[PDB]
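Rule-based calculations on the coordinates, nothing more; no lab input. Here Cβ is always computed from backbone atoms with ideal geometry, including for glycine, and neighbour counts include all displayed protein chains.
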Amino acid sequence: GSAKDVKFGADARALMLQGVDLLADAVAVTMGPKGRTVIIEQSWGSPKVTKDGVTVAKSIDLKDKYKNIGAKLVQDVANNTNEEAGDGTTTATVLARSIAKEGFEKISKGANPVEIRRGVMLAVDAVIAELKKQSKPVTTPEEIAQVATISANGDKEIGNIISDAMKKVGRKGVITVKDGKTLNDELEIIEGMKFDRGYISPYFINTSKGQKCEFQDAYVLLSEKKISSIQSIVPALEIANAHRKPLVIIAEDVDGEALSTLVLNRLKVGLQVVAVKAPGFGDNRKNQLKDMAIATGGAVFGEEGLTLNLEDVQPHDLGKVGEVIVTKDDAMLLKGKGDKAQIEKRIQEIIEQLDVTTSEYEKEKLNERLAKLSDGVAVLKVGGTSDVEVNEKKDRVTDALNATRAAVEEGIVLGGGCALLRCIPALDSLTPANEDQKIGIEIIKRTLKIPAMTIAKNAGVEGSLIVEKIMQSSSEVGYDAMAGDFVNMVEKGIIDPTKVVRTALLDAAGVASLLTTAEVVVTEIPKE
Amino acid sequence: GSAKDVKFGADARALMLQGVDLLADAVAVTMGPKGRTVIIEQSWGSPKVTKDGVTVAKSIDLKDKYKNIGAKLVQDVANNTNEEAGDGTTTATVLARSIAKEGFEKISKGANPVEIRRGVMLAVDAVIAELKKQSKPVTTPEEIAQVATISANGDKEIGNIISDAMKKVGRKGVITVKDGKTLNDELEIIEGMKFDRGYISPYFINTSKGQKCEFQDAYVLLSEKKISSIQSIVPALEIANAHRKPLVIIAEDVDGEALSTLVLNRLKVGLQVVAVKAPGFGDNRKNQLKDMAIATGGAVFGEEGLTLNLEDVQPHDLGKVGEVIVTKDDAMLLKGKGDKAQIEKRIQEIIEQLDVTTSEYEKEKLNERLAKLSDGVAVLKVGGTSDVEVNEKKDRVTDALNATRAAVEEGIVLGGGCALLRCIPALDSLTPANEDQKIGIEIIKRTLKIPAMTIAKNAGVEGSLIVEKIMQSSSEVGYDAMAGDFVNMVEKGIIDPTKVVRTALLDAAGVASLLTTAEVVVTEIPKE
Amino acid sequence: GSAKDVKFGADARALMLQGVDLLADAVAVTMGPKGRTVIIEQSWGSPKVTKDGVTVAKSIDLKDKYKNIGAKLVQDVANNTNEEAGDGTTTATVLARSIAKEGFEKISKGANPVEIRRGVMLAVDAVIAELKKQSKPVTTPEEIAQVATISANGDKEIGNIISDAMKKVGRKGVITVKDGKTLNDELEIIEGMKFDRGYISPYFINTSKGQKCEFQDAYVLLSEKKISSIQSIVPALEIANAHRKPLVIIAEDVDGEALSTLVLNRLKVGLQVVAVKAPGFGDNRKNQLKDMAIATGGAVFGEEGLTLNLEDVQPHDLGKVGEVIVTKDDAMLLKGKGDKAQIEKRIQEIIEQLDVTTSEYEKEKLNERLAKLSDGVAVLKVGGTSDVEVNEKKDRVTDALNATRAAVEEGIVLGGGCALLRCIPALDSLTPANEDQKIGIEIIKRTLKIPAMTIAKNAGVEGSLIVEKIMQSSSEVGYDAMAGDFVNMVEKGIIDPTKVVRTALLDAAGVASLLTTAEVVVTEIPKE
Ligand SMILES: Nc1ncnc2c1ncn2[C@@H]1O[C@H](COP(=O)(O)OP(=O)(O)O)[C@@H](O)[C@H]1O
Ligand SMILES: Nc1ncnc2c1ncn2[C@@H]1O[C@H](COP(=O)(O)OP(=O)(O)O)[C@@H](O)[C@H]1O
Ligand SMILES: Nc1ncnc2c1ncn2[C@@H]1O[C@H](COP(=O)(O)OP(=O)(O)O)[C@@H](O)[C@H]1O
Ligand code: BEF
Ligand code: BEF
Ligand code: BEF
Ligand SMILES: [K+]
Ligand SMILES: [K+]
Ligand SMILES: [K+]
Ligand SMILES: [Mg+2]
Ligand SMILES: [Mg+2]
Ligand SMILES: [Mg+2]
């Protein structure tokens, strides 16, 4: 329905390479310790300052249609790498540009670009096998700190903070990053159980130092349904008063009659009691209710299976907590007196539901439930002066967290781009089936030097000489661009997650090889 | 109402041929083993990379009205071939361009384009008869693998996967293609009966390894209507408890009372039971309910003809299954203990409804029902790195499946375009009625060489010499463009479905002959 | 309210003649056996390829207002001819152009265009009288086949198919043309009574070979109103069961209670029964119900005049059919055991309502009812490869059908344009009243040679010499442009319906004579 413009042969390839070169040239200035930042104008407000490869890649769109085709393909490379590994997007971008540029030169009348792509994929598989062969697992927390430091543009403090958080919540715990109102980064740990639901009526406050309600050795009444009637709340209060212990009432809500009874009894008698809304809004509400029931040790009133009416409440059906703190915003329970076997059984159940499928919203909830059950969560408040600084440092901290998680999962290799450099000899043991496969293998062999060359170039030195001296040295020696000298990378802590490297290489090679198999490009005539 | 532009004679033909030439030149670069891909810009997101003839054809629209008329006619050729045979669109496109170009040169003051078209169709009928004469049926699975490999651009793995799927589900089974999240292609076979309806309440889980419910030697209660009353569910539970066997309850839904009873009995007593919704939404729901009832062996409660009330449920009216697995997303029944004669009668019934008419939605459902009844379904998850790769490989896999189905239906002939080359002698035994019929026969004779010449040209060699050496050789010898030498096509497995070849030739000839009978072209003046 | 442009004298005539010449030049290339096709761009989809005069005429609109006035007048000529005779539109177009061009040259200061028009109309009346004098009726089916062959651009197969259909359904039967999904034309005859209403519930199927229900020697119950109550269906079933004969129940619909009873009895007892909806939606529903009742022999329950309640159904009030076949889509009744005198009386009634007036929807319905009552209908499924081919061949088949009907109505004359050529001597016996009448008679005399000249010119030969040799030959000799030699038209089967010829001549002359009486042309200034 719309008129089309068709281009053939080398002209379309030249325009697409122009687009790829522009996008990758913009991205590549942010690579390595001596990389610089990119300023991206935002339509609504203040501009963004970023050193992130995918953020720079996604913000570039070109007026020309063929240049935009090339730019969109490189954007796909960077976005796929970011989604899979969470880091290494600049490396993927520069690898993709190298592969596209090397493959466009090899297209001839007799060349077969599909067999060239087959050879490229074969070489990439060989290099990935070599990378997995030469990686080693992460054992000490010092390696975790070093990985987090390298991924955060050489910030020692960020790496130390991430290492401390992983030590205190586990290598596979829940760590969140949020902006901070202070000037320095802060790490806070939420232990026990804590949910963002405060007391309903500010009449149960008995401390007033921070407008909070603390109870020690308290009873817990968890109800699936709302508590509104007098008969549904009186027996629990009777048991609490007979046992002379404070009572926390966690429910969806407390309606007028029961709430009025609670406030009147608290004000007149002085009975210790507090009411809290139930965290969650759907099935998650029931799941967290059951989780708190197991952690404290008791029962949930109003379940569709048990249907335990509140009238027949018993002293043994109320949970016990060592301490409960209720603030206007959030409620927190510590030292639930529940049996440990049931808690471990629930944890095993949750990890089993963690391995059925994904829904983009559920596995995060299961991980949060496990963190609340077992070891708490860590929160990194990123400090800064203005919003742009906080956003830049937040991107760096997120990159460091993703890289540390990848290193925990799969291990580490040499940093600085030397991991791919050491895989060049693995490509000399291959026997290409035909000439086009040999061309593809040579393309990958030439591409493997690109990350180290780019890192050296950003440092102001000649990349070719640096790469040659790296390859002529021993296998444990690489180049420190920050210091500017040849060192032992493992000793100095310049290490990279092997998952990041292999993901970047695979995505870049896969997309650029398919790009270099084109002969005709069809675009839309620019009506507007 | 709109002003028109009228063109006469050779000028209109020249413009229409310009459009045809442009579209076919874009399409023809993707022909044969050494063909290349075409990049098509998408308005919404990432561009498409395709080697498919119809996909490239449908994406080309021209600003000029006469060129667009030619382009639309060639699009009709490619689309008709794709709809009929599912493959051979590039061959049809190049044949159509050849016929149009050869027929435009023969138009003279004394020439009769209608008689030329009559001669063209006569020659095409003769060539189709010769093609049917020289075809042979497919007998061994190796031929199936070879056809699937050739149609998938020479991918051995795709051909092997398709051959395995056809072996394990039958040559006329149900094979589906979907994208995969992994890097490699995978083939999964669904046996027995399986529908995408999981358990209603996650309280019947008794395994917890994968959050699934397994029952062995279970009773099955299938109800057409919803189960809501206590009286409509109690007797079935009574029979199941007396016989001490688990019970699956497949229905449209289970409302509050019956569901609450089921969960209460499962939680307290521990009675084995599970509830599943009914697959389908209209008449298909009833059809599949009857199918599962026949497969397991029992009755459907709530039918408009039988009206078997759930209250009078009997032990002999409940189906028996060797094993049932209910997962949160889907339910699966294996080893239904139903009589085989009734199953065969139902299968015959369904194949009979397969042969009444078509409705664009129904025969697929009947085929799915047969697959569920008899041999299961096969699913090919196509692996790749990015979405563009998966889409390209998915187009190739779909082409391979269509070609394999056509080869099973009608047989095979020599590949590489030699099947049409061997039909040239059949046109020398014709006696044209007049001069125009002779012109048409010569047009078809010259056109028959086009596919082989195009395949050879895409390989970087001279097509004319290759075709001459093919014609001067023995009938079993042709040209391997991938290897680049003259071989035995049947021995090397370069074979084509005869249905694809005859469909492409027929559609191309039919449309191009009618195109070449024009003297006046009327278009709309480009107001916008 | 809108500014106008006024033109006087010969300039306006020149512009109008330019428009007429353009439209008629586009139309005239499609005339005769050696005519070519015209491609018309369609806004929505694929372009049209047509050899039809009116289709080409209606698709031409010109930017210039005076040229568009001329084009609109020629469009009126072609549309009137198509509406009246269904064929001969190209002949009318060329005749109109000839008359306009010849009359524009004769306009002088002293000439009287109104008297010229009077002379033209007088000459046309004389020529029409001569044409009626020299025509002969159609007697043998071979002449029918020849007329259908000539009108279908010399397609023998189309003529044979039309002749067979006319033989098997009558020369004045109902023949419909629809597209076919096959490659070849097919003729299917629907006998007896058949309506597009299948069974309601697919539970009465007792054959399963084609999912159909066959009954032999069946009872028929026709009800004007819906059957919903038990008492309105039980007595008919009782009569059918006592007489042990199957029962077809034709009504508007069968509601829940009666339908449930029917399915229950069919499933359990095995009683032979079937239910079918009533064809039609308004008064036509009642008319066809009465027709079916008369054909089978019985009564309609629920008429506003008889009001025969279903409760008092009698064995003599149910129709008898030799055989009834009910499929999913349509129902068919054969060998109704009704008295023949009533059937003939009903047929006479319907032919009498055929001759009262027209409503653009009713006489077609009456003809359909007669065809269902007496001799059935014929359906021509036109085969082709693509939609454009099917549309072109469908236009040809419709033209052939219209010409065959006209030949049956009024007779035949010599084809090839010789019928008008033989009427030239009839214009030499006229005595013009004045000079302007003589001018008009000479205009018609010169115009009478135009169809033969155009047919000869399209064949690539000199039209003037061909026409001269035709006029110098004997009255039975004409020119075969397809063969290209002088032959006997009646012997060779080159004949034309006299109605078509006289309609074309009358329409063209009438419009062009009025066009040539203009002195001032007023158009709208082109604001947009
Ligand atoms: N001090 C250093 N000396 C040499 N190379 C370094 C140093 N610090 C980091 N690198 C290298 O720089 C790369 C990180 O660059 P970065 O901007 O994060 O790109 P990406 O986003 O692709 O990871 C890593 O591969 C790492 O090996
Ligand atoms: N190795 C080969 N050598 C020679 N010809 C081949 C080879 N592989 C495939 N072909 C030919 O190439 C054609 C396939 O081209 P393709 O791009 O699929 O066009 P289409 O879409 O029209 O089928 C087939 O007709 C086949 O005969
Ligand atoms: N074989 C033939 N030789 C000579 N004249 C023919 C032949 N076949 C058809 N004709 C003439 O050609 C005319 C048909 O032209 P056609 O394209 O149908 O124009 P129209 O639509 O005005 O009838 C008829 O009048 C017929 O007499
Ligand atoms: F540029 Be990446 F996100 F380290
Ligand atoms: F181009 Be076809 F779909 F093989
Ligand atoms: F051009 Be006509 F309709 F034969
Ligand atoms: K970066
Ligand atoms: K192709
Ligand atoms: K015509
Ligand atoms: Mg990084
Ligand atoms: Mg193919
Ligand atoms: Mg005609």
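Going by the structure shown, is A:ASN458 touching a strand residue (DSSP E or B) at 6+ places or on another chain (Cβ under 7 Å), away from ligand 6 (no atom under 16 Å from the Cβ) and of a type in the set (S, T, N, Q)? So A:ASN458 does not fit the description; no. Counting only residues that are under 30 Å from the mean Cα position of the chain (by Cα) and more than 14 Å from ligand 9 (Cβ to nearest atom), which one in the range C:93-103 is farthest from the other protein chains (Cβ to nearest Cβ)? Top of the filtered list is C:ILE99. Among the candidates B:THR90, B:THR81, the residue that is within 14 Å of chain A (Cβ to nearest Cβ) and either within 19 Å of the chain's Cα centre (by Cα) or within 16 Å of ligand 10 (Cβ to nearest atom) (or both) is uniquely B:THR90.
The number of residues in the range A:464-486 that are in a helix (DSSP H, G or I) and surrounded by fewer than 20 Cβ atoms within 10 Å (Cβ to Cβ) comes to 6.
Rundown of residues vs (1) among the hydroxyl-bearing types (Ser, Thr, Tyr); (2) surrounded by fewer than 18 Cβ atoms within 10 Å (Cβ to Cβ), yes/no style:
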| residue | (1), (2) |
| --- | --- |
| C:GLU191 | no, yes |
| C:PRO202 | no, yes |
| C:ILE205 | no, no |
| C:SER208 | yes, yes |
| C:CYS213 | no, no |
| C:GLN216 | no, yes |
| C:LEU222 | no, no |
| C:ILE227 | no, no |
| C:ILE233 | no, no |
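Between B:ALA481, B:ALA407, B:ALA504, the distinction of being in contact with a strand residue (DSSP E or B) (Cβ under 7 Å, 6 or more places away or on another chain), touching a residue at least 60 places away in the same chain (Cβ under 8 Å) and within 16 Å of ligand 11 (Cβ to nearest atom) belongs to B:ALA407 only. The residues in the range A:347-405 that are more than 14 Å from every other protein chain (Cβ to nearest Cβ) and assigned to a helix (DSSP H, G or I) can be counted, and the count is 28.
Taking B:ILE99 as the residue in question, decide whether it is in a helix (DSSP H, G or I), of a type in the set (A, V, I, L, M) and in contact with a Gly (Cβ under 7 Å, 6 or more places away or on another chain). In short, no. The requirement of being touching a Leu at 6+ places or on another chain (Cβ under 6 Å), within 30 Å of B:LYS209 (Cα to Cα) and away from chain A (no Cβ under 14 Å) is not satisfied by B:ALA251.
C:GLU349 passes every criterion in (1) more than 21 Å from the chain's Cα centre (by Cα); (2) on the phi > 0 side of the Ramachandran plot apart from (2). Condition test on A:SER474, is it more than 16 Å from ligand 9 (Cβ to nearest atom) and farther than 23 Å from A:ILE443 by Cα? Here the answer is yes, as A:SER474 does meet what is asked. Of all residues in the range B:18-47, those that are more than 7 Å from chain A (Cβ to nearest Cβ), crowded, with 22+ Cβ neighbours inside 10 Å and not in a loop (DSSP other than H, G, I, E, B) total 6. Quick one: how many residues across the range A:24-39 are closer than 9 Å to A:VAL56 by Cβ and either among the small types (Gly, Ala, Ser) or within 16 Å of ligand 2 (Cβ to nearest atom) (or both)? Total satisfying the criteria: 1. For the range A:418-463, filtering for residues that are within 16 Å of ligand 1 (Cβ to nearest atom) and either surrounded by 14 or more Cβ atoms within 10 Å (Cβ to Cβ) or not acidic (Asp, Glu) (or both) leaves 22. Condition test on B:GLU519, is it away from ligand 3 (no atom under 16 Å from the Cβ), more than 27 Å from the chain's Cα centre (by Cα) and either of a type in the set (D, E, K, R) or within 14 Å of chain C (Cβ to nearest Cβ) (or both)? Against the criterion (away from ligand 3 (no atom under 16 Å from the Cβ), more than 27 Å from the chain's Cα centre (by Cα) and either of a type in the set (D, E, K, R) or within 14 Å of chain C (Cβ to nearest Cβ) (or both)), B:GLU519 does not qualify. Quick check on my filter: what residues within the range A:48-66 are of a type in the set (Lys, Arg) and either within 11 Å of chain B (Cβ to nearest Cβ) or surrounded by 24 or more Cβ atoms within 10 Å (Cβ to Cβ) (or both)? Result: A:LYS65, single match. Does B:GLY510 fit the bill of being crowded, with 24+ Cβ neighbours inside 10 Å and closer than 30 Å to B:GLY9 by Cα? Criteria met by B:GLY510.
Out of (1) within 12 Å of another protein chain (Cβ to nearest Cβ); (2) part of a helix (DSSP H, G or I), what's the single condition that is false for A:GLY1? Failing condition for A:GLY1: (2). Selection within the range A:51-89: residues that are without any contact (Cβ under 8 Å) to a residue 24 or more places away in the chain and assigned to a helix (DSSP H, G or I). The member of this set that is nearest to ligand 2 (Cβ to nearest atom) is A:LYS72.
If only one of A:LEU414, A:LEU427, A:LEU421 is closer than 24 Å to A:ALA85 by Cβ and touching a strand residue (DSSP E or B) at 6+ places or on another chain (Cβ under 7 Å), which one is it? After applying the criteria, what remains is A:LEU414. Being on the phi < 0 side of the Ramachandran plot and part of a strand (DSSP E or B) is the requirement here; does A:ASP496 meet it? Criteria met by A:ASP496.
With the structure loaded, tell me whether A:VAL147 is β-branched (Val, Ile, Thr), closer than 28 Å to A:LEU373 by Cα and surrounded by 15 or more Cβ atoms within 10 Å (Cβ to Cβ) or whether it fails that test. No: the conditions fail for A:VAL147. Report yes if B:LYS492 is surrounded by 15 or more Cβ atoms within 10 Å (Cβ to Cβ), within 29 Å of the chain's Cα centre (by Cα), basic (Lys, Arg) and within 20 Å of B:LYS133 (Cα to Cα), otherwise no. Here the answer is no, as B:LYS492 does not meet what is asked. Residue check, C:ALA92 against (1) of a type in the set (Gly, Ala, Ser); (2) touching a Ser or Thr at 6+ places or on another chain (Cβ under 6 Å); (3) not in a helix (DSSP H, G or I), all met but one. Which one? It fails just one condition, (3).
Pick from the range B:49-72 the residues that are basic (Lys, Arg) and more than 19 Å from the chain's Cα centre (by Cα): which of them is nearest to ligand 10 (Cβ to nearest atom)? That would be B:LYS63. Of everything in the range C:84-131 that's within 16 Å of ligand 6 (Cβ to nearest atom) and of a type in the set (A, V, I, L, M), which residue is nearest to C:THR503 (Cα to Cα)? Filtering the range C:84-131 for residues that are within 16 Å of ligand 6 (Cβ to nearest atom) and of a type in the set (A, V, I, L, M), the one nearest to C:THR503 (Cα to Cα) comes out as C:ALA85.
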